[PDB]
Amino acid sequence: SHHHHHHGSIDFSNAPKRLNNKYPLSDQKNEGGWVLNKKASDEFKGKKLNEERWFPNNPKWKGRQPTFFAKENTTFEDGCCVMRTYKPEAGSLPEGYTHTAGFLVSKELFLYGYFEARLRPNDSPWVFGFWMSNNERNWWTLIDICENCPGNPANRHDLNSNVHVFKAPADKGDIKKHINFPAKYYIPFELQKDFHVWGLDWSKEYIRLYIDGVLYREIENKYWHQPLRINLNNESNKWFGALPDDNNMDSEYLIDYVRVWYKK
């Protein structure tokens, strides 16, 4: 029912005001005792990718057909990482692929902390994503902080969330079949119009998901105790109606920053 079901609406009347760029938007006074991770955080200034911090594509996933991840689709302009979608000449991509999109993967691994990103969605039928994942030694889990396609006009007022356990050994959940727990919420604004701030407070006890500083989901952390990498990308997905449109593929997915904090 997650295609139709808005569990609730998200109220922004009491959303926190921006006071500083040093702590999470949901905790601007730092009641949680955060320290900024200066290795992993990226304000995306300048003109070139920091390839010491990020892989320029996804070395382990070519992409969901028909969209193929490519390095050239990611540039850096006006203090933002900019991801675009292209359609190369016919026959240029491997079989089944027709368009290209950007993808960045963190070289650092993380387990627990605060993770925040300021994103301006692309107004095109490509899912835009800020998420975390690891598939390692028969343990494969994923936290889908942001996986949305407001570029499909039918999804403009949706805010999705999901967490996945693709596989887990006997002592870490004993999961042999993929399981996930999606939930959608209603937001009063069209998502693709402006920048918005996605936040994740990830602890051994809970996964807490925030939008523009407002808590909108709490999950009991029963399975997500595996170190994960940060992923930023565009991709195709028929479930969101996110299939290429040659007459609407000129938009830009903008990432202003990615910030990471640790405790103590």
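Counting begins at 1, following the sequence as shown.
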item	value
172-180 or 120-128, whichever carries the higher mean Cα B-factor	172-180
Average Cα temperature factor in the PDB entry - higher stretch of 71-79, 98-106	71-79
Among 222, 229, 196, 208 - the residue whose C-alpha B-factor is largest in the record	222
B-factor third for the C-alpha atom of residue 144 within its chain	middle
Record-listed C-alpha B factor of residue 55: chain third	lowest
B-factor third for the C-alpha atom of residue 166 within its chain	highest
Within-chain third of residue 65 by Cα B-factor, per the entry	middle
Lowest, middle or highest third - CA B-factor, residue 212	middle
